[PDB]
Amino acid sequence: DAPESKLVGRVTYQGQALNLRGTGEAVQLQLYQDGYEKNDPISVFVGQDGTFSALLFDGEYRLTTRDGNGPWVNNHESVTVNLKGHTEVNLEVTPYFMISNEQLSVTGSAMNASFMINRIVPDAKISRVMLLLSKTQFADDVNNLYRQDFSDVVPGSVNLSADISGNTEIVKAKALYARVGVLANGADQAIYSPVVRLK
């Protein structure tokens, strides 16, 4: 009916893609269009690696975060998109925390996780830190085979060990993936490390 094109994008911080919950419509962005035709915003769901893709009608769009949704300041961050042919964009946000220098491993007895939690927003506080394992490439606070929360972690160097002994599902798993998550006080979603395949 009208020219259509693929829009590909990423949510980033200082140009680096964010690691998020990419399942269950956990993290969404909105695409707005201003014109005669009173077009409602289009919802786009962000993946685990912070990417999104949409087949849309060619035109001018305003890509923004959804109010109060995501592990970042509720600043209504936005970017103008001129969609004509295959187009790629990024959207800069301000995360509460960033996870870096991750070292994730499993023994027969424990999941060991060493990493750094960097505070980006000066008054942000950590609500919980999560150690996760999954049988699949998808791992998050809902989608996992094993989850252990830590509620007294502060920013800086972190060294955690979660007891996975006696967990038959981990022993049975043909493939095993690990991830860590950090949820800020007042946020609806955590920030994560990349998913690491352990077996």
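Start at 1 and count along the sequence shown; that's the residue number.
- Higher average CA B factor: 33-41, of the stretches 33-41 and 65-73.
- The mean C-alpha temperature factor is higher for 100-108 when 100-108 and 125-133 are set side by side.
- For the set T168, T51, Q148, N144, the PDB entry assigns the largest Cα B-factor to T168.
- Out of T23, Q14, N19, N185, the entry records its largest CA B-factor for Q14.
- Per the PDB record, residue ranking by Cα B-factor puts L83 in the highest third of the chain.
- When all modelled residues of the chain are sorted by CA temperature factor, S157 is found within the highest third.
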